[PDB]
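Which chain is which? They are A, B, C, D, E, F, G and H, in the order written, and residues in each are numbered from 1.
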Amino acid sequence: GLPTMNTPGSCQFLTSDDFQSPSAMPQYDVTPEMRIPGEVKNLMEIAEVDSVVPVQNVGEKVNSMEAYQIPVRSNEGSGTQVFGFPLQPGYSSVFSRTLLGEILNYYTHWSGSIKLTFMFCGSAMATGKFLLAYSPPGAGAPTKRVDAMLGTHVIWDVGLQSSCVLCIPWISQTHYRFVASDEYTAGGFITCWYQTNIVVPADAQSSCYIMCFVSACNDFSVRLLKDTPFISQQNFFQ
Amino acid sequence: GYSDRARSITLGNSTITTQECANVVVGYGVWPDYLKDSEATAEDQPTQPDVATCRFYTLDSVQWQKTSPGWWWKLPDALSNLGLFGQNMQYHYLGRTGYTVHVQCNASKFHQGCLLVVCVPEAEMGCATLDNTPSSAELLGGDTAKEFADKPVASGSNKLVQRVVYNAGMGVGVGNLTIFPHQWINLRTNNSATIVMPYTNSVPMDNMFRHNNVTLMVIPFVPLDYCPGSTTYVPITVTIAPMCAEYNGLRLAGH
Amino acid sequence: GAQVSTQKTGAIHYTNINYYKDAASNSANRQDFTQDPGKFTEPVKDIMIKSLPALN
Amino acid sequence: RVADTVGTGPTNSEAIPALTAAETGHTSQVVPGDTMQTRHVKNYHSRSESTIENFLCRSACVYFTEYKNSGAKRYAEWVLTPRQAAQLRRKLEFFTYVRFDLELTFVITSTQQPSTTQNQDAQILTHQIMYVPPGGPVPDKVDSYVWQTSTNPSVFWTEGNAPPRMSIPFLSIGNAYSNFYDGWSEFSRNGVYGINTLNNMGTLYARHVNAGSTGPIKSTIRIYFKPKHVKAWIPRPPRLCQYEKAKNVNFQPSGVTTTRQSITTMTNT
Amino acid sequence: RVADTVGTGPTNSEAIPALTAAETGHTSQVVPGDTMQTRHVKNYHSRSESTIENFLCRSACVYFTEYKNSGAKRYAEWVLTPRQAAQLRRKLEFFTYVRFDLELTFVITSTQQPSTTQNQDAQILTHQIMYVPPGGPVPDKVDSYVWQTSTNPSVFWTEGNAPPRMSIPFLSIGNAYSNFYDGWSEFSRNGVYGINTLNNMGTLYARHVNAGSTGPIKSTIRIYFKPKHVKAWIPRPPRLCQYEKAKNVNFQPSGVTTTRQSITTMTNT
Amino acid sequence: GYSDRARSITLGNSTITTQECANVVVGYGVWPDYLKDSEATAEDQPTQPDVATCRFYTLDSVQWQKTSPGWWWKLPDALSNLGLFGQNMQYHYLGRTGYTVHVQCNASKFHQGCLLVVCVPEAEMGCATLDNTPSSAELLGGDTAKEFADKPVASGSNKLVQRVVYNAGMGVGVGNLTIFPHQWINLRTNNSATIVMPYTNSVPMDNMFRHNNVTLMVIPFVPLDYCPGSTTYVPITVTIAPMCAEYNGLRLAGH
Amino acid sequence: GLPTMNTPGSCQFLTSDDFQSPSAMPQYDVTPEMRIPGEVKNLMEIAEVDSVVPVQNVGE
Amino acid sequence: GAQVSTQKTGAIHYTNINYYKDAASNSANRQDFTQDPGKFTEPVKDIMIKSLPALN
């Protein structure tokens, strides 16, 4: 006899435990190992890849391939807003179904920079400059380019290399932020304005498009796992 | 050497040169090579097709309309007609392949549009009827492009595939297809996509006339658009080449 | 033998001895840290260097 | 352990680490320093609780069935598949190929059934959960020779103790479980579609050993799976549209995102 | 281990370690020796059972709820806060910032409810206590897909065994839990006052796994918190006036002390 | 050097000399310094205001009556008007500060009275209504002194703060407020209090126009008292100076 | 099998116990540490500070 | 390894081995003795020495 007194914690089954176990058929010889291409060892391998953001939404711009394209047109007055959405992945209805956001809905915390690659898919003679600005929370989103400038912006000059990466840096008062909505922490506003209107010659279409891509940086980490809200079931699949 | 607009892929007899494009996208980081003895499950002696089943087999061209849904070609079943690849898969039980999927589309500098060229390994398509499986004549090509649709395929007792661009016929958001190796053919600049698929499967070698290990999908994210006049027929031509083919178990002709 | 390794600390030591014949009954490998995003991200043939444009 | 930021400062040379085509299928790595200037910030954040294993190694309920201790269905039967619960299934379907061992824990809880039977008193029901490997014998009547567990594993569990646990190793004909199979089993390309023999670990039957109380008692076997020693290859899109069948990827088309107002609205509807 | 007294003796020099302004916000250290003479006394008294941790590391009951096993509220729900019990709360509110891990022990005790139901016999109720991280899914009906515990932790406990125990690490957006927050969550300074997201570890739901007896049974989940690995910064006054709300510091003014007679009375009333 | 009655604190342009007082009370034992890289949560580049936002900003004077309840001034919201401190907190999302709170009050040698000068970090005030929170215009100053009262604030549906000297508007005994760094301004001898606050928060940097990290409270424990005649208006003047200011995330003007 | 006989003291929960435990989410990475001013490590740090005594009492 | 340390005696030795992967599941640090009242008590800039008056 070796005296023991069972501490409370025994005779329970957690849904996140980890222990030794008794085997079923003992001495079973597991099949060999193949080095099948494209091994994954971390979720940040998957999260650092671009995925097209369906920025546009209306009510039927959310059931077609119209969702992913951001309409850009030549408008004579410059200072018109191209798009605008808050940065609050895994809650925002712009990043709720993207690749980054869908990995993010399994986590409660997130930290790190996020890259928004904007790709001009216009004509090959169309030009234009855009002032892509990210204004941290401190006020309720710019409504003019003259206010958007003050934030952290990047003027994108188009003409070869049809993409320009506006990297949103980490500005937060904490070392993590919630994926779910909260008001102790917020993520500010991402807006785009025309810097210099789309100049399109003759015989070239005057309505172009931009694509928005969301990816994670290498200074990115997620912590505290929970389970998604965007999947459901009623009765078991028969 | 100089500009990166140039590329030239020579496999056997056929060469594909392109004046202007971008980089070749190599697999998941692996280039197709022969299967070594520490993975070889077959006990029989494999053949070596070499250069005679590594040429660029030019599949059917399809015409991109101003608004067009998208297309897909299964990979071992688009080459089941062309050349000696179509023979070998039928005389041999097991086969192992890699690919060079090269999608080429040219356009003028007054045209705009943007294709997403992905290669989805193991694309298991849903069905319009929520309790029936697809047919083998709607699901597969014949080296022909099957095209999706922008409206849901109506349900009944039909076994036609569920075809909607935005769900990709798999029930996954179309915008997330970029994980898989791919490239874009933005008509603004960059007129081809080269995607080098290495052999990807759970088993080391598998029958190819019953299992389709890769599915190429070419989905236009920005519709083709231009002004009145000009040309109105910009085709998309697919040239696929097997790479490092290897077969085993020399049976007889079958299905 | 007893395998001693640091507990996952933020910013120590636990004995663990496998007690079963099979190696398919050992506790999960929760600690197994590796990252190598040179796969899915940047799968290109010739790596694009960040100092010039990718295209000519 | 994640990466760290370092001091930069102004930039006026032809470097432009921002401008670069993303048309080449290359996802560029851009740091804070490239679009502004950010001093040396040390990060001690840890990218562990995000590892492939730790992600998947959480016990999820895959199923539960009910079996009367005196009546008709005195046994339950289940063909092992993780495809019966939406929650676990979606996590597995984030990878094309996965390889793992299983820990099966069964949480059996009994409930008395209303009846007019006199003097109903239980004498601690004992449950038998039996694993029948693929291509085993199949019990019918609960008294069949099959339940002798001649070679077939079984856990015998007396009610009111720590729930039964057993491990299963990696059992697959191939070298990975396929979570998506494009192909038929038949060479003529008909019949079942993607019902390949690699993720079919036979059946699991359960029943009451004893005759329990005089009255009827219905017990509910709840099955828990917990992936240990996981290795996952080929990442793929998470499922969007809801699941429809337990062996097909059938779906009804639905939205691409949740809708809002305009393109420049700053608040989700 | 505390300090020791040493021999002194008479003092007639200009030292006056007694006389010193306490107007400078400096609390002077005066020993016995300074106001008299006291020989060398050794003290072996220990100032351990007074450490910050040992003080706070005692399990205190924070809450308890009730849930019928057959009727309406078949589950209980609790937003985790130590602000539901006066006892534990006052100890925590002796520090402005605290950092700690939690040990959650649940003492579930069942009581039969009076009814006219015939032949009520329990078959050992099994309880499920489930932790739902902040911004998780929220169960409604007790049969909801939510209870599948796909990733969400849960303890499954069969009645009549050592009470369930689980640890939670330090989970805070910041680097300490704030026990007092002066500020709003909204930039316009309205809405909630000091309902900051740093001390909001989601919700904890509990329910009966089985259907228990034929009759109704009501179970009482009692929650215990025990702070391990405590570090506490910035000391502050203990609460005087009684608590009024579980998220505000609202109070009704009351006495400054307990009253007595005169200023020179030698006995408390 | 010689007598300790003298002190002289020079920060930038303004100097505060005092002929007679006592020692400076330094924080909890920490003097405000810049945040190092091993605490820096911000990834952006911070500004350095230096000497131009480190001068002694002289807030509103308030008149001490013979019997007066006491006063309090919130710290980031008493400087939200004065100078460049009031600008910077509005153009910047994050801010980090230390203080030199110097309360100065003179009196003749025929006057008596005694102030307690404490600095309560995180003073979360209660409310007269036992289920409502305070307003943001009663709770906060505007650089003006808010004063308590000696009788309970009557309950109703009002959102006015609960103000009683003896509970300090927090529900803690007033006599225990001395834990926090402080000093006394006993008019008998010692005519100023200097309390050097270092940055104290749970997070490394926080918005200052939504969160008030320090609250200065000046509570007279011994009422001002004197004989008939003489002077009858002894003000208390507060001079506060930010110390080691640092901001990040250059947004735009807001609330 | 390793013979053991459970001494009485087992299967109880004290309100002042201290033991090892099973974790909830395993491998969670705790946030960094800041050296926030005025750390307390003993209650005698707090108890050795002056506090005003309300010596006078009557009824108001 | 086994950490051996004296039991808290008034005026001996216990093995303790951490058995869990996390370091947030180890037993409380009941023994952790430190005292440093030079903080809240006497926070003054220049320490007042006990031999003369604080003020001039």
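Rule of thumb we're sticking to: contacts are C-beta pairs under 8 Å (C-beta built on N, C-alpha and C of every residue); 3 or more make two chains touch, one makes a residue touch a chain.
A.B. asks: Write out the two chains that share the greatest number of C-beta pairs in contact.
C.D. replies: Maximum number of inter-chain contact pairs occurs for A-D.
A.B. asks: Let me have the rounded angstrom distance from the C-alpha centre of subunit E over to the C-alpha centre of subunit F, please.
C.D. replies: That gives a centre separation of 31 Å.
A.B. asks: Whole-Å distance, subunit C centre to subunit H centre, using C-alpha means?
C.D. replies: Going by mean C-alpha positions, subunit C sits 37 Å from subunit H.
A.B. asks: Using mean C-alpha positions as chain centres, tell me how far subunit A is from subunit D in Å, no decimals.
C.D. replies: That gives a centre separation of 25 Å.
A.B. asks: Centre to centre, by mean C-alpha position, how many angstrom separate subunit B and subunit H?
C.D. replies: The mean C-alpha positions of subunit B and subunit H differ by 68 Å.
A.B. asks: By residue number and range, which residues of subunit B touch two or more other chains?
C.D. replies: 22-23, 25, 27-29, 166, 173-176, 179, 181, 184, 186, 189-190, 200, 202, 204
A.B. asks: Send over the residues of subunit A in touch with two or more other chains.
C.D. replies: Counting only residues that touch two or more other chains, subunit A contributes 6-18, 21-23, 28, 30, 34, 36-39, 41-42, 44-46, 48-50, 54, 63-64, 67, 97, 99, 102, 106, 113, 119, 137-140, 152, 160-162, 169-170, 174-176, 215, 218-219, 221, 223-225, 227-228, 232-233.
A.B. asks: Would you please write down the residue numbers of subunit E that are in contact with two or more other chains?
C.D. replies: 21-22, 24-27, 47, 51, 57, 97, 105, 145, 149-151, 153, 156, 158, 161-163, 165-167, 169-176, 186-187, 198, 228, 234-235, 256
A.B. asks: What are the touching chain pairs in this one?
C.D. replies: All chain pairs meeting the touch criterion are A-B, A-C, A-D, A-E, A-F, A-G, B-C, B-D, C-D, C-G, C-H, D-E, D-F, D-G, E-F, E-G, E-H, F-G, F-H, G-H.
A.B. asks: Quick one: which bits of subunit D touch subunit G in the complex? Just the residue numbers, please.
C.D. replies: Subunit D reaches subunit G through residues 44-46, 48-49, 51, 54.
A.B. asks: So in the complex, which bits of subunit A are touching subunit B?
C.D. replies: Subunit A reaches subunit B through residues 34-38, 46, 49-54, 63-65, 67-69, 97-99, 102, 119-126, 160, 162, 203-205, 207-209, 211.
A.B. asks: State the interface residues of subunit E toward subunit A in the complex, per the touch definition above.
C.D. replies: Touch residues, subunit E against subunit A: 105, 132-137, 145, 149-158, 161-166, 171, 173-175, 185-187, 191, 196-198, 202.
A.B. asks: Please give the residue numbers of subunit B that touch subunit C in the complex, ascending.
C.D. replies: Those in contact with subunit C are residues 2-5, 22-29, 179, 181, 189-190, 196.
A.B. asks: Under the touch definition given earlier, write down the residues of subunit C that touch subunit H in their complex.
C.D. replies: It is residues 4, 6-9, 12-16, 30-31 of subunit C that touch subunit H.
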